[PDB]
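> Chains as they are written, first to last, in our numbering: chain B, 22 to 114; chain H, 22 to 114; chain D, 13 to 92; chain V, 2 to 89; chain X, 19 to 125; chain Z, 19 to 125; chain C, 83 to 177; chain U, 19 to 116; chain W, 2 to 505.
Idealized CB from N, CA, C, for every residue including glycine.
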Amino acid sequence: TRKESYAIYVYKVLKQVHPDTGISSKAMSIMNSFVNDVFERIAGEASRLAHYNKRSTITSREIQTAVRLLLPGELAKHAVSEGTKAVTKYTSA
Amino acid sequence: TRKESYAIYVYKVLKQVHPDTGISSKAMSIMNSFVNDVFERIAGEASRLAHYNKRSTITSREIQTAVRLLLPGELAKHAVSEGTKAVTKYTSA
Amino acid sequence: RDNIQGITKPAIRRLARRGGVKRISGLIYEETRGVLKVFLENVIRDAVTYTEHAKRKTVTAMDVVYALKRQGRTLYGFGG
Amino acid sequence: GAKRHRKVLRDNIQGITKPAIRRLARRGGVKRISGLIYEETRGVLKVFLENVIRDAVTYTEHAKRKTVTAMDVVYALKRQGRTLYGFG
Amino acid sequence: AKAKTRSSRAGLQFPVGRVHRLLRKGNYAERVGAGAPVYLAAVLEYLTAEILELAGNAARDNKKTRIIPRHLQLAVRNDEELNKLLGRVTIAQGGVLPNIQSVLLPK
Amino acid sequence: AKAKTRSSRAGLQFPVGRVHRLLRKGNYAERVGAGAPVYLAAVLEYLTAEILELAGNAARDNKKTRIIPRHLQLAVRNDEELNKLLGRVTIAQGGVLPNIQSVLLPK
Amino acid sequence: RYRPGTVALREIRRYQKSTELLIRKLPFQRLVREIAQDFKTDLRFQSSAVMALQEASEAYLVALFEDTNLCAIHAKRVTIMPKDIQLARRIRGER
Amino acid sequence: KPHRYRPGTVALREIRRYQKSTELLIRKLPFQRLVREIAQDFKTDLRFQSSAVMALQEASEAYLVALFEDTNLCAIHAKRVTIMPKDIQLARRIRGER
Amino acid sequence: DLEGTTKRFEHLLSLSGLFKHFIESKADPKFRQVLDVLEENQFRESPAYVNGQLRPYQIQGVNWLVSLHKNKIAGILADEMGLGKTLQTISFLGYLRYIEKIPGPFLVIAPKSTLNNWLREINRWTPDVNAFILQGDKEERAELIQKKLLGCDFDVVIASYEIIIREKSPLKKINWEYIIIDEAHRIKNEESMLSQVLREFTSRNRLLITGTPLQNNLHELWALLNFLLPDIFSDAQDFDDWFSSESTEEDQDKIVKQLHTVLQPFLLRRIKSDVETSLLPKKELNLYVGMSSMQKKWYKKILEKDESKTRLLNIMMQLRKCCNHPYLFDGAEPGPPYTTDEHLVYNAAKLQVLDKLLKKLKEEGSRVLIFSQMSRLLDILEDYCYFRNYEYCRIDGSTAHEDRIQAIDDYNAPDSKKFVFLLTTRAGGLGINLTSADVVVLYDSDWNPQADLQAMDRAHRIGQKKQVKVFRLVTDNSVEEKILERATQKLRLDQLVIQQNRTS
DNA sequence: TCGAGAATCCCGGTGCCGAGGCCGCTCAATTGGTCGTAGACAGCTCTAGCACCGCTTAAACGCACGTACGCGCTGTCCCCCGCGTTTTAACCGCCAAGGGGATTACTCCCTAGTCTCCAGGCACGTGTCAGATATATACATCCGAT
DNA sequence: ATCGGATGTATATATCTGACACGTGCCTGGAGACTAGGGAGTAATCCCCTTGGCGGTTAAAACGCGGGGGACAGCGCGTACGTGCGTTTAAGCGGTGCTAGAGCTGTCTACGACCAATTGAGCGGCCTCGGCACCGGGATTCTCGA
Ligand SMILES: Nc1ncnc2c1ncn2[C@@H]1O[C@H](COP(=O)(O)OP(=O)(O)O)[C@@H](O)[C@H]1O
Ligand code: BEF
Ligand SMILES: [Mg+2]
């Protein structure tokens with residue numbers, strides 16, 4: 022019985038940032054739990070943003086507002102920059 | 022444009038408990054907000070109870086478990102008793 | 013524009029007298045204005061975020077209630 | 002003789018020993034401890050364990066199981082606003 | 019046939035169909051069982067009966083016959099378990115319990 | 019025709035399709051728009067890159083080459099913004115920042 | 083005259099008996115609008131929004147002063163000082 | 019004359035030692051008996067996993083370490099160096115756990 | 002390695018062609034190269050360098066061992082217990098000392114209670130041998146490794162089951178000629194920690210010694226047999242599928258005859274009733290006795306789950322306490338001095354008989370041995386022997402090392418007035434020598450009969466001159482009748498096969 | 001008073017087991033269609049939020065002064081720390097049994113969806129008394145004189 | 001301590017008055033009846049992983065002891081804050097007026113759900129070596145009597 026995770030993607034990002042540093046198994050489990058946690062937070066805030074305005078569709082704009090509600094300080098600015106760059110690249114391709 | 026609330030139902034329960042007592046409008050708004058808050062707490066807890074067990078249906082079992090999770094101590098026993106009495110009277114009818 | 017001075021000394025002493033404070037020093041006032049300004053900055057930041065998301069220009073009561081619920085300080089009494 | 006009944010004296014809250022509480026206080030940054038911290042710390046720890054094990058037993062009973070797994074404890078800790086990373 | 023509400027046949031005072039609609043149109047889960055809103059409506063009616071009874075007693079103590087939010091604040095904050103439930107909730111126009119520390123009193 | 023993954027279209031590294039599946043089957047809203055999972059995967063990739071970069075620098079500060087959870091604990095608690103974000107999270111096998119109070123040091 | 087510490091206790095009884103607000107309206111409204119200038123220019127407030135902010139701010143400061151009073155009694159004093167408020171915000175996690 | 023230290027040096031050396039390392043600080047079998055004794059009151063004949071007991075032990079040690087940090091701040095605020103039971107009662111009263 | 006592989010096949014291919022059927026049955030390296038080459042192409046006088054005399058069957062037992070060394074293969078000295086397997090092992094080493102003239106590095110391994118028994122009989126028989134008993138703490142093992150082990154100033158090292166795990170890194174560094182393992186029951190598992198360490202040392206031969214073969218399964222014996230000669234077998238599933246567990250599908254029992262034929266040039270086992278050496282056999286009874294009136298309530302306070310509010314997660318073990326003694330449940334014991342009277346035998350079932358039996362035996366001049374499975378039960382028997390004022394010694398798990406040695410010789414003292422002698426099962430009766438007693442009682446049974454069979458023959462060996470009367474105690478209509486009947490099911494599946502390999 | 005014993009850090013050697021990397025399988029992602037509908041957008045209405053003005057008066061500001069509490073300093077005393085020695089139970093390995101978690105197959109019944117009908121609930125007028133407020137009056141409540 | 005002596009607090013009486021309780025007309029959302037299909041309840045089976053206890057080693061807990069460093073109580077002192085009085089000033093109330101923007105309705109239309117055929121990205125399983133974990137020796141650092 023299979024059981025999915027985020028391990029190989031975290032490992033790819035690790036090989037982009039530090040080309041030589043490895044990672045343990047327990048730290049991989051910690052990063053997996055971190056990604057699931059931040060996913061649940063942003064999805065919950067986007068869901069009840071869509072519920073407050075009596076819309077029915079989670080677009081990218083509710084995700085942008087959920088990021089600007091959750092992440093503090095410069096993380097919000099850099100995350101909004103990265104997300105807008107990603108969607109702008111995706112639409113033209 | 023209408024907006025629904027729980028005003029007349031709180032007024033009925035008040036006339037059952039204290040037969041000779043009115044209630045001001047600000048207290049009516051506070052009781053309305055209380056009912057909506059407790060409804061959202063129990064519904065959200067039962068929703069992720071159903072998600073944690075890979076089910077797809079909120080039964081009375083999840084509502085009973087959510088009430089036993091949220092309400093502290095002596096309120097839980099009387100709440101479970103009142104709910105079981107209501108469902109038992111409803112099924113035989 | 014020195015509107016923080018509108019939170020005067022007798023207002024802070026009245027808020028302390030409701031709290032149970034018998035005797036107050038003289039340096040409480042600047043710290044209290046700082047605490048109040050930080051708290052208002054956080055709540056109004058979240059409320060203006062909600063209002064800009066709704067594409068309006070008017071801060072309703074519901075946005076303040078949602079911001080206070082977002083930070084953990086739930087408010088009963090102003091609708092919902 | 003009479004050795005057959007000499008050891009019934011555990012009282013498992015006393016199993017949290019005095020040097021264990023001192024090791025916890027040394028990690029916490031406490032230089033020098035009074036002699037009455039121990040009973041209070043045992044009481045605090047017992048109340049915390051009662052809350053978390055109550056919620057984990059409720060999550061275990063709802064799934065009709067008899068085996069308190071790790072995800073039940075992680076859900077019970079997230080329920081009280083103390084998230085625990087590293088167990089799923 | 020003759021119509022009859024579910025709130026009547028279950029023996030409640032809160033509505034049941036409204037709670038059923040709020041469970042379906044709230045995206046809590048995909049399917050909603052037919053015994054869930056009866057149980058949830060009974061729970062909400064019980065909590066409202068508790069708070070209205072305590073607030074009625076608090077209003078009877080001050081010789082008033084209508085309920086102001088001060089009475090709700092007193093009825094919540096004097097109970098143990100209701101204070102445990104509404105622990106991080108500001109009731110508007112509420113006020114504070116009367117409480118003076120012991121060492122501040124004159125001797 | 020020839021298939022191509024959407025993560026390669028967006029240039030990301032996290033999977034877009036798995037995020038789209040977890041938003042459709044997560045019961046967050048009725049309909050999920052097409053631009054949401056790309057944006058959400060980009061934000062998750064950014065946060066993962068931040069924590070792994072700080073943990074890599076903290077691992078290099080001890081001449082280690084593999085990231086043990088102590089390194090994640092140091093990299094989170096030494097940052098200010100990640101501490102404000104992960105303020106309630108206990109990391110297992112973490113430990114405490116080395117912090118002795120000032121008055122406990124000998125004269 | 084009275085002795086120091088009598089009118090203070092009588093005001094404690096008075097302001098714990100009552101229910102109304104304690105900060106004046108227009109200075110608080112000017113303060114809220116000045117803080118809102120930094121985020122989006124030319125906003126517009128409903129009245130109940132400003133009333134909600136004033137109610138929550140009074141509840142916050144009353145809770146803060148109760149915890150400050152507990153800390154100041156703990157240090158064997160009766161007079162609150164700014165280090166008490168710094169401790170009370172350090173314990174709650176507002177650092 | 020042997021080499022005794024002044025009272026307090028070994029304490030600071032132990033503070034550095036236990037703030038450097040990350041192992042568990044309570045022995046496993048007494049904590050497991052404690053968990054089972056508390057769990058006997060809610061449902062009889064349970065059957066824990068090993069990782070459940072490890073999760074409870076990690077959470078409990080983190081809770082108590084944070085508690086002793088706040089207790090140390092209170093006792094330093096009262097111009098002492100000794101933590102006392104009224105310090106723990108204060109630090110749990112401020113957090114809102116009474 | 003490769004020359005000896007042919008030299009192993011000098012005698013294996015001299016047997017039947019089942020070895021050809023086994024080498025070519027892989028699912029195979031260059032063993033097939035040296036297989037196809039050969040496929041196509043003493044000392045019977047009881048030598049008196051020992052101090053004493055041998056036995057005429059033991060001379061045949063010695064000559065089987067040198068035959069294994071002459072053919073350069075391993076083996077198992079699986080003779081029945083009590084027949085003197087130590088004398089055959091020591092004289093085999095003195096064979097290499099005085100005939101082949103090689104005093105080498107020898108390493109023997111025994112249980113902890115038997116470590117002095119080796120070094121006594123080495124000094125009794127071949128006093129020219131430098132031997133240790135590697136005891137001690139981390140401090141005391143620090144010298145003996147550094148002083149005499151690293152200096153290569155020894156002949157025989159006598160270690161134990163746990164010291165061989167704690168000290169594996171100063172013992173890999175020394176090559177060995179033999180690894181002689183007494184009580185080959187710890188190696189019954191293949192994934193155990195002790196077996197994982199023994200497969201890393203360097204050895205010429207390995208005289209594995211046991212008193213009993215396999216206990217439960219066919220899966221147990223090949224795991225012993227795997228670490229005999231791993232060059233030859235090296236198979237887990239293939240040997241299980243070759244024999245298929247005593248024809249569990251067809252019930253033929255003609256595939257079993259090859260299995261007796263594999264082991265007959267590969268093992269030596271001789272029967273105590275075949276070669277007498279005491280000229281007197283043993284008797285046995287099973288005193289089926291009923292429950293006492295107190296524990297009838299206690300048997301009701303368990304199954305209906307009424308004393309109360311505690312864990313009962315293993316009812317097989319919880320009932321097994323009450324079948325033995327009531328005073329283990331913390332609340333059967335009434336008083337604040339917990340009392341002291343004749344009430345103790347009055348409350349227990351087996352103590353009613355045992356009080357009567359010892360008074361029948363104290364008159365007759367007998368000396369009994371009391372065994373158990375539970376350590377905490379022997380504490381109750383200790384207060385009972387103080388109550389009747391009987392002399393004894395109590396050997397248990399985790400008493401000491403040197404306290405065990407004193408208590409053996411106190412009971413094996415001539416004219417010693419110690420009457421009972423409390424032992425356990427998994428620690429006491431696994432190789433000690435107790436010829437000074439005559440009758441043996443088992444207070445309870447065990448999930449392995451060969452554990453109890455290891456303990457019954459304790460006093461029935463060479464040197465005993467009396468009639469051994471074994472008295473098992475069984476609680477009537479209880480779990481012990483189910484356990485003893487389940488154990489008997491394990492016995493007939495084994496011994497009815499081990500009856501056939503010696504005969505054919 | 002600088003020297004002296006103990007702890008810490010570092011360097012080189014060894015070894016060992018867990019992360020890194022291939023490999024075969026397969027199921028969930030992708031692509032290509034169809035279609036109903038949530039949302040975007042334009043337009044109209046009407047209401048509440050802004051800005052100003054004038055009058056009143058309650059509250060904030062400023063000042064003096066007296067006292068009582070914060071703070072530092074001393075002395076005593078006793079409680080916790082350091083340390084050595086003896087006991088005891090934790091830790092790991094081993095050995096049994098078996099209970100219960102996890103999976104799969106099959107049938108069935110409970111809920112989503114649809115249509116029809118109809119009454120409970122809501123916005124909208126309207127009387128009317130609970131409580132706010134002034135006004136005189138009784139009573140605890142702190143405090144100086146003695 | 002008590003006794004008068006101001007003084008704030010509570011009480012009883014009388015009088016408006018606007019928020020509340022109550023009656024009506026309408027309409028949309030809840031109830032009744034019906035049908036389909038897929039979640040889930042149950043039976044049966046396998047095997048992992050939990051429990052209990054013993055053996056043997058050894059590291060940690062318990063206990064007693066000396067002694068010094070911190071807790072605590074008391075004394076004094078001095079300055080900062082409470083209290084009250086007089087002056088200023090800005091909050092509050094009402095009143096008018098303007099209009100910007102919330103809010104509703106109608107009308108397309110791009111777009112996301114749904115579904116069938118296809119296939120490679122990801123996952124479990126299995127080797128394998130190198131980074132980390134000791135191990136012992138040697139140099140350096142730190143605290144405590146000088
Ligand atoms: N030749 C012999 N003469 C006298 N006694 C012997 C002889 N061989 C063996 N024994 C007895 O055997 C006992 C030890 O035998 P042991 O090695 O324990 O047999 P096993 O190992 O089969 O039980 C010793 O007490 C010794 O007296
Ligand atoms: F191994 Be023998 F029975 F001493
Ligand atoms: Mg022997």
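Do three or more CB pairs link the segment 3-11 of chain W to the segment 62-76 of chain W at distances below 8 Å?
The answer is yes - the segment 62-76 of chain W touches the segment 3-11 of chain W, with three or more Cβ pairs under 8 Å.
> Got a sec: does ligand 2 put a non-hydrogen atom nearer than 7 Å to the Cβ of residue 285/W?
Residue 285/W Cβ: outside cutoff for every heavy atom of ligand 2.
> Just to check, is the beta-carbon of residue 88/W closer than 7 Å to a non-hydrogen atom of ligand 4?
Ligands in the displayed structure: ligand 1, ligand 2 and ligand 3; ligand 4 is not one of them.
> Does the Cβ-Cβ distance between residue 97/B and residue 108/B come in under 8 Å?
Not in contact: residue 97/B and residue 108/B (Cβ atoms no closer than 8 Å).
> Would you mind sorting residue 81/H into buried or exposed? The rule is 16 or more other CB atoms within 10 Å of its CB.
With 16 or more other Cβ atoms within 10 Å, it is buried.
> Just checking, does the segment 32-52 of chain H make contact with the segment 72-88 of chain X on the three C-beta pairs under 8 Å criterion?
Short answer: they touch.
> Between which two residues does the beta strand (DSSP E) harbouring residue 413/W extend?
Looking at the DSSP string, residue 413/W is not in any beta strand (DSSP E), and its letter there is neither H nor E.
> Closer than 7 Å between beta carbons: that is the criterion. Which residues of the segment 80-114 of chain Z meet it against chain U?
Those residues of the segment 80-114 of chain Z that come within reach of chain U (Cβ to Cβ, closer than 7 Å) are 88, 108, 110, 111, 112, 113 and 114.
> Give me the residue from 44/U, 30/U and 107/U with the minimum Cα distance to residue 38/U.
It is 30/U whose Cα lies nearest to the Cα of residue 38/U.
> Is residue 3/V close to chain H, meaning its C-beta is less than 8 Å from at least one C-beta of that chain?
Output row for residue 3/V: interface = no.
> Using a Cβ-Cβ distance cut-off of 8 Å, determine whether residue 54/H contacts chain D.
Residue 54/H counts as touching chain D.
> Considering only DSSP beta bridges, list what residue 179/W is partnered with.
Looking at the DSSP assignment, residue 179/W forms a beta bridge with 107/W and 206/W.
> When you compare the CB of residue 117/X with every CB in chain D, is at least one pair closer than 8 Å?
Chain D contact via Cβ: present.
> Quick one: what's residue 474/W bridged to in DSSP?
In the DSSP output, where bridge partners are listed per residue, residue 474/W has 288/W.
> According to DSSP, simplified to helix, strand and coil, what is residue 280/W?
Reduced to three states, the DSSP call for residue 280/W is coil.
> In its own chain, which residues sit with a C-beta less than 8 Å from the C-beta of residue 480/W, not counting the 5 before and 5 after it?
Answer for residue 480/W: 317, 320, 321 and 324, listed in chain order.
> Label residue 123/C either buried or exposed according to how many other C-beta atoms from any shown protein chain fall within 10 Å of its C-beta, with 16 as the threshold for buried.
When all chains shown are included, residue 123/C counts as exposed.
> Output the distance between the C-alpha atoms of residue 57/V and residue 58/U, rounded to the nearest integer angstrom.
Their Cα atoms are separated by approximately 13 Å.
> Taking beta-carbon pairs under 9 Å, can you tell me which members of the segment 92-116 of chain U lie near chain C?
Taking 9 Å as the Cβ-Cβ cut-off against chain C, the residues of the segment 92-116 of chain U that qualify are 92, 95, 96, 97, 104, 105, 108, 109, 111, 112, 113 and 114.
> Can you give the Cα-Cα distance for residue 94/U and residue 169/C, rounded to whole angstroms?
Roughly 11 Å separates the two Cα atoms.
> Alpha carbon to alpha carbon, how far is residue 148/C from residue 84/B?
So the two alpha carbons sit approximately 39 Å from each other.
> Scan the segment 68-101 of chain B for residues whose Cβ lies nearer than 9 Å to a Cβ of chain D and list them as they occur along the chain.
Listed by position, the residues of the segment 68-101 of chain B near chain D (Cβ gap below 9 Å) are 69, 70, 73, 74, 82, 83, 85, 86, 89 and 90.
> Cβ of residue 137/W within 7 Å of any heavy atom in ligand 2?
Result no, Cβ not under 7 Å from ligand 2.
> Express the C-alpha separation of residue 453/W and residue 376/W in angstroms, rounding to a whole number.
So the alpha carbons of these two residues sit roughly 16 Å apart.
> Cβ closer than 9 Å: which chain U residues qualify as neighbours of residue 72/Z?
Result: empty, since nearest Cβ-Cβ is about 18 Å, beyond 9 Å.
> Cβ of residue 110/B less than 8 Å from any chain V Cβ?
False, the Cβ-Cβ gap to chain V never drops below 8 Å.
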